[PDB]
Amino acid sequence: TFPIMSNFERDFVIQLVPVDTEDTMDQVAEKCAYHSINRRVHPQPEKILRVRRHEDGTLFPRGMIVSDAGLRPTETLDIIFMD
């Protein structure tokens, strides 16, 4: 249980998203996608979702867990389509 803001690609507004301090970026993006995908964003199974810090644009590994990325509570994060 840790708060962060979700700035989903192709969306139109950042949202408050609850994630656990153990989720891997892949899981975070999964949770965020719930508040974005199929709501106001066309899915893209062909591609894979990644999560990077918004302040500096640091791309985070797919298997990196919330507990290691440091992150400040409320930290804004970008979820983008990649490979």
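Throughout, we count residues from 1 along the sequence that is shown.
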Review point. According to the PDB entry, is the CA B factor of residue 70 in the bottom, middle or top third of its chain, that is, lowest, middle or highest?
Key: middle
Point to revise | Chain-wide C-alpha B factor ranking for residue 50, given as lowest, middle or highest third | key: highest
Revision key, fill the gap. Of the three thirds of Cα B-factor ranks in this chain, residue 79 occupies the middle
Revision key, fill the gap. For residue 42, the third of its chain by CA B-factor is the highest
